[PDB]
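Below: one structure, written as C-alpha cells.
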Amino acid sequence: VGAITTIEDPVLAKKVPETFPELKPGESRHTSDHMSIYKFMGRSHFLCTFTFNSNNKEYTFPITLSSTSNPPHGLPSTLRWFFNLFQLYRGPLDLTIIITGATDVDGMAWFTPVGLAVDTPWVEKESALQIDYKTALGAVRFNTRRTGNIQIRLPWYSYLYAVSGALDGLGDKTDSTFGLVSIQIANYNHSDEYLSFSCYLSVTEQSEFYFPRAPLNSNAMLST
Amino acid sequence: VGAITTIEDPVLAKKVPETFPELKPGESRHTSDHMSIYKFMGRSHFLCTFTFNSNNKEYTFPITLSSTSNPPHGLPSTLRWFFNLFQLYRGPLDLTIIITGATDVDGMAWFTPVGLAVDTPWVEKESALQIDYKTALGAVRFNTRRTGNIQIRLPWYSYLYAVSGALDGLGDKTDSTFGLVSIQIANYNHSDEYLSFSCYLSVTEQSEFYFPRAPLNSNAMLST
Amino acid sequence: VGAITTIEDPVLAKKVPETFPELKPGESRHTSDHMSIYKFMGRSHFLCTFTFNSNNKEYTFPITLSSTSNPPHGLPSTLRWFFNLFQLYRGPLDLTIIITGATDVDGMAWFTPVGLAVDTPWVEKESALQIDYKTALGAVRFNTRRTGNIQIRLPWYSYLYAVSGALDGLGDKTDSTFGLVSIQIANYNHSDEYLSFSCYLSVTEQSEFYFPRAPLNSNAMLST
Amino acid sequence: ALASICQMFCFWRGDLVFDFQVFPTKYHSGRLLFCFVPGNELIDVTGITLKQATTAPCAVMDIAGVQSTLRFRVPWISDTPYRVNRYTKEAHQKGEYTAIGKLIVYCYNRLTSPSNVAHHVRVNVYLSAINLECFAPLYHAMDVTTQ
Amino acid sequence: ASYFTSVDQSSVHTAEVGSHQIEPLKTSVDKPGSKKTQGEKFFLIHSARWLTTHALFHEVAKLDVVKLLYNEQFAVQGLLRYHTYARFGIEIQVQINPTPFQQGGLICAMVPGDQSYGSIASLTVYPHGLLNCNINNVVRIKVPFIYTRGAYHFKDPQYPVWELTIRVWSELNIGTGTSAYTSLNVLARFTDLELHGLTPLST
Amino acid sequence: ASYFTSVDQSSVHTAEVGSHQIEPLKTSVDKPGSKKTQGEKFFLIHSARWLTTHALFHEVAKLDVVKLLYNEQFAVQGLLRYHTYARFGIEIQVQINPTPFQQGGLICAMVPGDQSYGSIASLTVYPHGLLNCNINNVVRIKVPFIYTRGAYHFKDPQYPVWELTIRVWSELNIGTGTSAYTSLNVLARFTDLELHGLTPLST
C-alpha cells in the first residue's frame with residue numbers, strides 16, 4: 001500500500017515507502033560508520049600553500065568560509081564543498097601545518113581575531129606590526145630543524161553568534177571570515193633550498209552545524 | 001469556521017455565523033424593549049379623518065385591511081405598512097377618536113359587523129336606518145361639550161376564522177373587512193365653526209398575528 | 001494645630017481645619033434639606049414663551065443646553081445657571097406647559113429626537129410635516145377649554161452617551177441639543193383674545209450629573 | 001426585510017451579517033477579498049490600493065467548491081453606542097452618521113476559465129442582522145440607494 | 001483567529017522547521033517592546049517661558065492635550081495612526097525651575113471640553129495643582145476619561161477632550177538683577193489605553 | 001518604572017479624580033487593539049502573474065521578505081519604525097488559482113541569506129511546499145529565526161534574513177483557448193515578535 005502517496009502534502013511525506021517484498025539487510029560489517037560528520041570531516045583536509053622568496057618576510061592568510069573567493073585564494077576541494085552544505089558554523093577548529101625544505105629556520109605563528117588591525121590578507125610583505133603587539137595576542141615559536149610540523153587548535157573568538165558560508169556583498173565581506181593565521185620567518189638567510197609551507201584544516205568535536213542548505217552545483221567546486 | 005456555509009441547504013442555514021473575534025455586547029440600557037410588536041403597535045396610529053358640512057348627516061367608514069384601497073380611503077401610513085407584514089389577524093382592536101371645533105354637539109356612534117345591512121362605506125348621507133335598528137347593535141351616545149374624545153374597544157365579531165390583508169378580487173371584497181364604525185351627529189345647527197373628527201387605531205394584548213409575509217415595496221406605502 | 005497647612009500639597013488639603021474652640025451647632029430645625037440637588041431643582045423653573053398670531057401655524061423649539069445661545073432664545077435665569085455647573089447630563093426631564101387666553105383651541109404636541117427631520121428651531125411657520133409623520137413619533141392631543149396645562153415627561157432618546165452644556169463650535173451645534181418639542185394649534189379662528197403659552201422645565205429623580213465645573217461669571221447670567 | 005423593519009425606527013445597533021453567494025460552475029477558479037473599513041460613510045474609499053487593504057479586517061474566499069456561500073459578520077465598531085437614521089432629515093451634518101463604515105470587494109486573483117463556459121460569475125449579496133436593538137419609532141419611506 | 005480570515009476548500013498543513021529557541025545568553029537585556037512600554041511612556045508637550053510681564057490671570061500656555069500627542073514625532077504615533085477609535089485616561093507633569101530669590105505662582109487646571117465662560121477664580125474646582133516658588137516645582141494630575149460619546153476619533157474629532165490651561169496665579173516679581181524668567185515644561189502620557197477599529201485609510 | 005525616569009527632590013503626590021470605569025454597554029465589541037492583534041496579522045507582499053512563456057526553472061517572483069514588510073503601508077510599520085532591533089519568526093502563504101483544464105506546478109522555497117550558488121534541483125532541501133493544479137492551491141511555510149547576529153537591524157541591515165524564491169517546477173501548458181495565466185499572491189506575518197531599542201532617530 002505504501003507505493004502510492006501525495007508528496008504535495010507534507011504530512012504524508014513522512015510515510016515509510018514500501019514497494020516490493022524485502023528482508024532486513026543484516027548489519028554493516030565494519031564497526032565505525034563513515035557517515036557521521038565528526039568522522040568524515042574528522043579526517044583533515046587541504047587548505048592552502050605558500051612559499052617564501054626572501055628572508056624576514058611575513059605572510060598572512062585569513063580563513064574565509066565565503067563561497068565567492070575562488071582558489072588559489074579561498075577554500076579548495078573538500079572544505080569549499082563542506083562548508084557550503086550548512087548555513088552556520090561555530091566552535092573551534094584544529095589546524096595542522098607542515099614545513100618542508102630548508103632547515104634551521106626559526107618562525108613565530110600567531111592568531112588574529114576578525115576585525116582587529118592586521119596585515120593585509122593574501123599578501124607577502126615585511127611585517128608592519130610592533131613586536132610587542134604580536135606576542136600579546138599569543139603565539140607559538142617553532143624551529144624547523146626539530147619538528148617541521150605543528151598541530152594547534154584555533155579558538156573561537158568572534159563578536160558574531162556564528163559564521164556563515166553563503167552570503168552576498170556587504171555581509172560576505174565581514175561575517176564570512178573566521179580569523180587570521182600568520183607566520184613570520186627569521187634566519188632564512190640563504191635564498192636557496194626553497195622553504196615552503198602547507199596547511200590542513202580539520203573539524204573538532206566541539207563544533208556545531210545548523211540548518212542544512214543545498215549542495216553546490218558542479219561548476220562551483222574547484223581545485224588548485 | 002463559521003464563516004463558510006451552504007445556504008442552498010436549509011439545515012446548515014440555522015448555523016450560528018462567526019467571522020472575527022468578538023465580545024458579548026453587554027446589555028441594553030433602557031428597561032423596555034421597542035421590538036416587541038405589542039409595544040411598537042401598542043402606540044396608537046393614524047387612521048382617517050372626515051368633516052360634516054350640514055346638520056343631521058350621518059357618516060360611515062369600514063375598517064378595511066386590504067392593500068388595494070388607496071388613501072384617502074384606506075389604511076394610511078403605518079397601519080397600511082403594519083397589516084401587510086403578516087397574513088392573518090384576529091382579536092379585538094382599541095379605537096380612539098378625537099373631536100375638534102364646534103361645541104354642544106350630541107352624537108351617537110355604533111359598530112356594525114361585516115355583511116349586515118349598513119350605510120354605504122365612505123359616503124356622507126342622511127341615515128337610512130331605523131332608529132330602533134341602531135341602538136340594538138349597541139351604541140355610545142356622546143356630547144362634544146364635556147369630553148371631545150372617546151376610547152373604545154371594537155369587539156371581534158365575524159363569521160371568518162380570521163381576516164387577511166393580502167387578497168385579490170373576489171376574496172378581497174369580503175374577507176378583508178373587519179367591521180364598520182359609524183357616527184351620527186345631531187344639533188349641529190349653525191353650519192359655522194367647522195366640526196371635524198379624527199380616528200386612531202391601536203392593537204390590543206389579545207390580538208394575534210400569523211405567518212409572516214414580505215414587506216411592501218416602497219411604491220406601495222403612501223400618506224394622506 | 002489645624003490652623004496651619006500647606007495647600008500646595010493636596011494630601012494635607014483634606015485635613016479638618018480648626019481655629020478657635022467651638023461647639024457642635026445642634027441640628028437644623030426643618031426636616032427637609034434644601035441643598036440636595038433633586039430638591040432645589042425639584043422645583044420647576046422657567047424656560048420659554050411664545051404667542052401665535054394666526055390660525056393653523058405650528059411652533060417648534062429645541063431644548064438646548066448650550067451656553068452660547070443667549071435668551072430670548074436659549075436657557076434663561078436658573079436653568080442657564082444650573083446646567084453649566086456640571087459637565088454632563090443624562091436621563092429624562094419633566095416638562096410642564098401652561099396655556100392662557102383664548103378658549104376652545106385644539107392642539108397636538110409631539111417630541112422629536114435630535115437629528116431627525118423636523119421644523120426649523122425658533123421659527124413660527126405652517127407645518128411642513130406629513131400628518132402621518134407626526135403621530136408616529138407619538139403625540140398628545142389637548143384642548144384648551146378643559147385643562148389649559150399639561151405636565152409630561154420627556155424621554156431620553158439620543159445616540160450620545162450624554163449631553164454637555166459647555167462646548168465650542170463644531171461640537172456645540174450637535175451634542176448640546178437634548179431634543180425638540182413642538183406644538184401645533186388648530187381652530188384658532190378669531191385672531192383676537194391672544195392665545196399664549198409658557199413652558200416650565202424640571203429635573204427628575206432618574207437624572208444624573210457628572211464632573212462638577214466652575215460656575216458662570218456674572219456677565220453670563222441673563223434674563224428675558 | 002431588514003430594511004423595512006429599521007425604516008420605521010430612529011436608532012439601531014448590532015451586527016449586520018452579509019452573506020455572499022457565488023453562482024459559478026465547478027470549472028471556474030478565483031478569489032475575492034472583502035475588506036471592512038470602519039468609519040462613517042462619507043469618507044473617501046476609492047483611493048485605497050489592494051496592498052493597503054489587507055491591514056483592515058478581511059476574509060479571502062474561493063469560488064470553486066461545494067460551499068458557495070460566505071457568512072461575513074461585521075463586528076459593531078463605533079464611537080457612539082447608537083447610530084441614527086438621517087435620511088428623514090434633509091442634509092448632512094458632521095458627527096451624525098448612519099453607516100458604521102464601508103465594505104469593499106476586491107478582485108484578489110483574476111478569473112480563469114476555459115472557452116466553452118461563460119467568463120463572468122455573478123454574485124448575490126444577502127443581508128441580515130443579529131443582536132439587533134432599536135427604539136424611537138417613526139414613519140419613513142426609505143428610497144433606494146443607487147450608484 | 002485574529003482578523004484576516006482565510007476561507008478555503010483545498011488547504012493543507014504547514015511545514016515547520018525547528019521551533020522557538022530561548023536565549024542562554026541574551027543580546028539585549030531590556031524588556032521586549034510592547035504596547036505598555038510604548039504608548040504609556042512620558043512624552044513632552046509644550047515648552048514656554050514665564051516672564052514678569054505677564055499680568056494676573058494672563059494665560060501662559062493654552063494647550064490641547066490629545067491634538068498635541070498625535071504627531072509623527074512621538075512613537076505613540078505608531079499605534080494611534082492605524083486605529084480609528086480610542087478611549088483612555090491622561091496624566092500630566094508640569095515642571096518649572098524657580099530660583100528661591102523669586103516669588104509667585106501658577107495654576108494648572110485640566111478642563112474637559114473647553115473653558116467656555118465660567119469664572120477664572122474658580123479654577124480650583126477642576127482637578128488642579130499649585131506651583132509656588134516657596135514649596136514645590138512639580139505637580140501630577142491624573143484624570144479619567146470624560147466625553148460625550150463612546151470614544152475619541154482622531155481623523156476628525158468632534159471637540160478636544162482635555163484642553164489644558166495654565167493661568168498666572170500671582171504676579172511674578174524679582175529684585176534687582178535677578179534672573180527675570182524661568183523655563184516651563186509639560187509632560188503627558190496615556191493610561192490604560194484601549195484601541196479599536198483598524199484601518200488603512202489613514203494613509 | 002518604564003523608561004522615562006524622573007529624579008526629583010521636591011516632588012509631591014498626584015491628584016486623581018474618579019477612576020477607571022468598566023462599560024456596562026460597550027461601544028465597540030472587538031478586542032482592544034494591542035501588539036498581538038497588530039504585528040501578527042497577515043499582510044500582502046508580492047502579486048505577480050504566472051504565464052506559459054516562463055521556461056523551466058525560470059524565476060517568477062524573487063522576494064526579500066523583511067525588506068518588503070517594512071513600509072508605510074502596513075500597520076506593522078507602527079512598531080518597527082520606532083524600534084532599532086528585532087528578532088522573530090516568519091510564516092508564509094502562497095495562493096494561486098488554477099483552472100483544472102491547466103497543468104503544471106511551482107515551488108516556494110524559503111532560503112536564508114541568499115541562494116548564492118547551490119543547485120536549483122535541490123530546493124526541496126530547504127523548507128518548501130509544492131503547488132500543483134491537481135492537488136492544492138495553497139501552501140503554509142513557517143520558519144524560525146536564522147541569522148549571523150543576535151537581532152535584525154532595520155535602518156541599515158547587514159544582509160536580508162529570509163529571501164524567498166519561487167521557481168517554475170514544471171512548464172505551464174494549456175489547450176486551445178483556455179485562459180493562459182493565473183494570479184499569484186504571497187502573504188506573510190511576523191511571529192512571536194520581540195522588540196528592543198527605542199529611538200527617535202528614525203525621524
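Each chain in the C-alpha cells gets a letter, A, B, ..., in the order shown, and its residues are numbered from 1; ligands are numbered from 1 in order too.
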**Exercise: residue C:168 partners within 10 Å, only C-alpha atoms, chain neighbours under 5 positions left out, as a PyMOL selection string** = (chain C and resi 66-68+173+176) or (chain E and resi 113-116+158-160)
**Request:** Would you list, as a PyMOL selection string, the residues of stretch 18-179 of chain E that end up in strand (DSSP E) under DSSP run on this structure's backbone?
**Result:** chain E and resi 43-51+59-62+83-96+103-112+128-132+138-143+152-153+162-173
**Message:** Quick check: residues of chain A within 7 Å of chain F, only C-alpha atoms, returned as a VMD selection string.
**Reply:** chain A and resid 8 160 to 164 166 to 168 170 to 171 213 to 217
**From C:199, C:43, C:211, C:165, residue lying nearest residue E:145 [only C-alpha atoms]** =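 Among the listed residues, C:211 lies closest to residue E:145.
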Chain E residues near chain F (6 Å cut-off, only C-alpha atoms) as a PDB file with N, CA, C and O atoms, in the first residue's frame:
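File written: out.pdb
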ATOM      1  N   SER E  10      -9.218  23.842  -0.196  1.00  0.00           N
ATOM      2  CA  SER E  10      -8.144  22.953  -0.637  1.00  0.00           C
ATOM      3  C   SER E  10      -6.975  22.913   0.345  1.00  0.00           C
ATOM      4  O   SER E  10      -5.924  22.342   0.055  1.00  0.00           O
ATOM      5  N   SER E  11      -7.131  23.524   1.519  1.00  0.00           N
ATOM      6  CA  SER E  11      -5.970  23.903   2.316  1.00  0.00           C
ATOM      7  C   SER E  11      -5.223  22.683   2.851  1.00  0.00           C
ATOM      8  O   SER E  11      -5.623  21.534   2.664  1.00  0.00           O
ATOM      9  N   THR E  14       0.801  23.263   7.378  1.00  0.00           N
ATOM     10  CA  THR E  14       2.042  23.983   7.147  1.00  0.00           C
ATOM     11  C   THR E  14       3.243  23.129   7.536  1.00  0.00           C
ATOM     12  O   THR E  14       3.146  22.198   8.335  1.00  0.00           O
ATOM     13  N   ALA E  15       4.395  23.463   6.948  1.00  0.00           N
ATOM     14  CA  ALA E  15       5.648  22.744   7.184  1.00  0.00           C
ATOM     15  C   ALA E  15       6.554  23.606   8.057  1.00  0.00           C
ATOM     16  O   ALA E  15       7.124  24.595   7.596  1.00  0.00           O
ATOM     17  N   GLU E  16       6.693  23.218   9.321  1.00  0.00           N
ATOM     18  CA  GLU E  16       7.631  23.870  10.221  1.00  0.00           C
ATOM     19  C   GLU E  16       9.040  23.322  10.043  1.00  0.00           C
ATOM     20  O   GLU E  16       9.255  22.215   9.551  1.00  0.00           O
ATOM     21  N   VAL E  17      10.012  24.132  10.453  1.00  0.00           N
ATOM     22  CA  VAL E  17      11.366  23.675  10.714  1.00  0.00           C
ATOM     23  C   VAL E  17      11.819  24.285  12.032  1.00  0.00           C
ATOM     24  O   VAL E  17      11.669  25.483  12.274  1.00  0.00           O
ATOM     25  N   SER E  19      11.962  25.402  15.902  1.00  0.00           N
ATOM     26  CA  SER E  19      10.974  25.947  16.822  1.00  0.00           C
ATOM     27  C   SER E  19      11.642  27.029  17.660  1.00  0.00           C
ATOM     28  O   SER E  19      12.869  27.133  17.709  1.00  0.00           O
ATOM     29  N   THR E  27      21.035  38.965  23.913  1.00  0.00           N
ATOM     30  CA  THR E  27      21.673  40.020  23.144  1.00  0.00           C
ATOM     31  C   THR E  27      21.379  41.384  23.746  1.00  0.00           C
ATOM     32  O   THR E  27      22.261  42.241  23.835  1.00  0.00           O
ATOM     33  N   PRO E  32      11.258  43.208  26.319  1.00  0.00           N
ATOM     34  CA  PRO E  32      10.804  43.207  24.925  1.00  0.00           C
ATOM     35  C   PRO E  32       9.700  44.229  24.725  1.00  0.00           C
ATOM     36  O   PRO E  32       8.736  44.279  25.489  1.00  0.00           O
ATOM     37  N   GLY E  33       9.858  45.053  23.696  1.00  0.00           N
ATOM     38  CA  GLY E  33       8.940  46.142  23.434  1.00  0.00           C
ATOM     39  C   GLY E  33       7.518  45.688  23.209  1.00  0.00           C
ATOM     40  O   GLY E  33       7.282  44.616  22.649  1.00  0.00           O
ATOM     41  N   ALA E  75       6.678  58.242  19.418  1.00  0.00           N
ATOM     42  CA  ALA E  75       6.497  56.872  18.953  1.00  0.00           C
ATOM     43  C   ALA E  75       5.113  56.337  19.286  1.00  0.00           C
ATOM     44  O   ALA E  75       4.739  55.253  18.831  1.00  0.00           O
ATOM     45  N   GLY E  78       2.772  55.568  16.449  1.00  0.00           N
ATOM     46  CA  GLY E  78       2.710  54.267  15.811  1.00  0.00           C
ATOM     47  C   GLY E  78       1.357  53.611  15.959  1.00  0.00           C
ATOM     48  O   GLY E  78       0.739  53.217  14.972  1.00  0.00           O
ATOM     49  N   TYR E  82      -2.986  53.913  13.035  1.00  0.00           N
ATOM     50  CA  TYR E  82      -3.670  52.812  12.380  1.00  0.00           C
ATOM     51  C   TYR E  82      -4.930  52.376  13.110  1.00  0.00           C
ATOM     52  O   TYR E  82      -5.521  51.363  12.737  1.00  0.00           O
ATOM     53  N   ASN E 136       7.092  73.831  45.955  1.00  0.00           N
ATOM     54  CA  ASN E 136       7.372  72.745  45.032  1.00  0.00           C
ATOM     55  C   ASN E 136       7.388  73.247  43.599  1.00  0.00           C
ATOM     56  O   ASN E 136       6.697  74.200  43.244  1.00  0.00           O
ATOM     57  N   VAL E 138       6.808  70.924  41.030  1.00  0.00           N
ATOM     58  CA  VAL E 138       6.222  69.840  40.240  1.00  0.00           C
ATOM     59  C   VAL E 138       4.799  69.556  40.705  1.00  0.00           C
ATOM     60  O   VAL E 138       4.503  69.630  41.901  1.00  0.00           O
ATOM     61  N   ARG E 140       1.451  66.616  39.731  1.00  0.00           N
ATOM     62  CA  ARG E 140       0.945  65.485  38.967  1.00  0.00           C
ATOM     63  C   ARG E 140      -0.570  65.504  38.977  1.00  0.00           C
ATOM     64  O   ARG E 140      -1.189  65.487  40.042  1.00  0.00           O
ATOM     65  N   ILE E 141      -1.163  65.511  37.790  1.00  0.00           N
ATOM     66  CA  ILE E 141      -2.610  65.472  37.638  1.00  0.00           C
ATOM     67  C   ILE E 141      -2.965  64.225  36.848  1.00  0.00           C
ATOM     68  O   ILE E 141      -2.335  63.937  35.828  1.00  0.00           O
ATOM     69  N   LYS E 142      -3.956  63.480  37.318  1.00  0.00           N
ATOM     70  CA  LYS E 142      -4.398  62.258  36.665  1.00  0.00           C
ATOM     71  C   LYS E 142      -5.914  62.244  36.578  1.00  0.00           C
ATOM     72  O   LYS E 142      -6.596  62.178  37.601  1.00  0.00           O
ATOM     73  N   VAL E 143      -6.445  62.273  35.362  1.00  0.00           N
ATOM     74  CA  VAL E 143      -7.896  62.349  35.222  1.00  0.00           C
ATOM     75  C   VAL E 143      -8.414  61.199  34.369  1.00  0.00           C
ATOM     76  O   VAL E 143      -7.770  60.809  33.388  1.00  0.00           O
ATOM     77  N   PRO E 144      -9.556  60.632  34.706  1.00  0.00           N
ATOM     78  CA  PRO E 144     -10.160  59.608  33.852  1.00  0.00           C
ATOM     79  C   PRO E 144     -10.760  60.214  32.605  1.00  0.00           C
ATOM     80  O   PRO E 144     -10.581  61.403  32.341  1.00  0.00           O
ATOM     81  N   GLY E 150     -18.819  57.568  22.952  1.00  0.00           N
ATOM     82  CA  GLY E 150     -18.166  56.389  23.480  1.00  0.00           C
ATOM     83  C   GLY E 150     -16.657  56.472  23.431  1.00  0.00           C
ATOM     84  O   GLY E 150     -15.983  56.002  24.349  1.00  0.00           O
ATOM     85  N   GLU E 194      -6.928  51.884  25.339  1.00  0.00           N
ATOM     86  CA  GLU E 194      -7.606  50.827  24.611  1.00  0.00           C
ATOM     87  C   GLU E 194      -7.918  51.289  23.200  1.00  0.00           C
ATOM     88  O   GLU E 194      -8.396  52.403  22.981  1.00  0.00           O
ATOM     89  N   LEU E 195      -7.667  50.411  22.243  1.00  0.00           N
ATOM     90  CA  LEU E 195      -7.815  50.767  20.845  1.00  0.00           C
ATOM     91  C   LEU E 195      -8.891  49.903  20.210  1.00  0.00           C
ATOM     92  O   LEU E 195      -9.257  48.850  20.735  1.00  0.00           O
ATOM     93  N   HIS E 196      -9.412  50.375  19.084  1.00  0.00           N
ATOM     94  CA  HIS E 196     -10.359  49.610  18.294  1.00  0.00           C
ATOM     95  C   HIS E 196     -10.150  49.973  16.837  1.00  0.00           C
ATOM     96  O   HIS E 196      -9.295  50.800  16.521  1.00  0.00           O
TER      97      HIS E 196
END
**Request:** Do me a favour and pick out the residues of chain C within 8 Å of chain D, using only C-alpha atoms, as a PyMOL selection string.
**Result:** chain C and resi 115-118+132-133+136-137+157-161+170+174
**Asked** Taking only C-alpha atoms into account, which residues of chain C are within 10 Å of chain B, as number ranges by chain?
**Response** C: 104-107, 130-139, 141-143, 145-146, 156-157, 186-189
**Message:** When you count only C-alpha atoms, which of these residues is closest to residue D:42: E:87, E:49, E:39, E:156?
**Reply:**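 Closest to residue D:42, using only C-alpha atoms: E:156.
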**Message:** Using only C-alpha atoms, I'd like every residue of chain D that has an atom within 9 Å of chain E; please write them out as number ranges by chain.
**Reply:** D: 36-39, 43-45, 47-48, 52-62, 64-67, 70, 77-81, 94-95
**Request:** Name all residues at most 9 Å from stretch 123-128 of chain C (count only C-alpha atoms; drop same-chain ones fewer than 5 positions away) and give them as a PyMOL selection string.
**Result:** chain C and resi 52+56-61+118+184
May I have the selected residues written with C-alpha atoms, as a CSV table (one decimal), in the first residue's frame?
chain,number,residue,atom,x,y,z
C,52,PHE,CA,-49.4,82.6,18.0
C,56,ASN,CA,-53.1,76.8,11.8
C,57,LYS,CA,-49.5,77.9,12.4
C,58,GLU,CA,-47.1,75.5,14.1
C,59,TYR,CA,-44.3,76.4,16.5
C,60,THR,CA,-41.1,74.5,17.4
C,61,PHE,CA,-38.3,75.0,19.9
C,118,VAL,CA,-38.0,68.5,11.9
C,184,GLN,CA,-49.5,72.8,16.6
**Prompt:** Can you list, as a ChimeraX atom specification, every residue of stretch 11-186 of chain F that DSSP puts in helix (DSSP H, G or I)?
**Reply:** /F:35-38,65-69,77-81
**Request:** Kindly give the distance, in Å, that separates atom CA of residue E:186 and atom CA of residue C:5, rounded to a single decimal.
**Result:**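 Answer for the atom CA of residue E:186 to atom CA of residue C:5 separation: 27.1 Å.
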**Item:** Separation of atom CA of residue B:181 from atom CA of residue B:63 in Å
**Value:**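 Result for atom CA of residue B:63 versus atom CA of residue B:181: 7.6 Å, one decimal.
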Would you kindly return, as a JSON list (two decimals) with N, CA and C atoms, in the first residue's frame, each protein, DNA or RNA residue with an atom no farther than 10 Å from any atom of residue A:152, considering only C-alpha atoms and excluding same-chain residues fewer than 3 positions away?
[["chain", "number", "residue", "atom", "x", "y", "z"],
["A", 93, "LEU", "N", 38.46, 25.06, 15.74],
["A", 93, "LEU", "CA", 38.97, 24.27, 14.63],
["A", 93, "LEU", "C", 40.33, 23.72, 15.01],
["A", 94, "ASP", "N", 40.72, 22.60, 14.39],
["A", 94, "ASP", "CA", 42.03, 22.00, 14.63],
["A", 94, "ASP", "C", 42.91, 22.20, 13.40],
["A", 95, "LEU", "N", 43.96, 23.00, 13.54],
["A", 95, "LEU", "CA", 44.82, 23.37, 12.43],
["A", 95, "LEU", "C", 46.14, 22.62, 12.50],
["A", 96, "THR", "N", 46.56, 22.08, 11.37],
["A", 96, "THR", "CA", 47.83, 21.39, 11.26],
["A", 96, "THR", "C", 48.58, 21.92, 10.05],
["A", 97, "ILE", "N", 49.78, 22.43, 10.26],
["A", 97, "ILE", "CA", 50.60, 22.92, 9.16],
["A", 97, "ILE", "C", 51.87, 22.10, 9.10],
["A", 140, "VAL", "N", 53.05, 30.91, 18.97],
["A", 140, "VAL", "CA", 53.97, 29.82, 19.22],
["A", 140, "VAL", "C", 55.22, 30.02, 18.38],
["A", 149, "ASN", "N", 56.46, 20.32, 11.74],
["A", 149, "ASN", "CA", 55.01, 20.23, 11.64],
["A", 149, "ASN", "C", 54.41, 20.63, 12.98],
["A", 155, "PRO", "N", 41.13, 28.87, 18.45],
["A", 155, "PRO", "CA", 39.99, 29.14, 19.31],
["A", 155, "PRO", "C", 38.85, 29.78, 18.53]]
**Request:** Pick out the residues sitting within 8 Å of stretch 13-21 of chain D, and hand them over as a list in words; count only C-alpha atoms, and ignore anything fewer than 5 positions along from it in its own chain.
**Result:**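 The filter keeps residues 68, 69, 70, 71, 72, 73, 74, 75, 76, 81, 82, 83, 123, 124, 125, 126, 127, 128, 129, 130, 131, 132, 133 and 134 of chain D.
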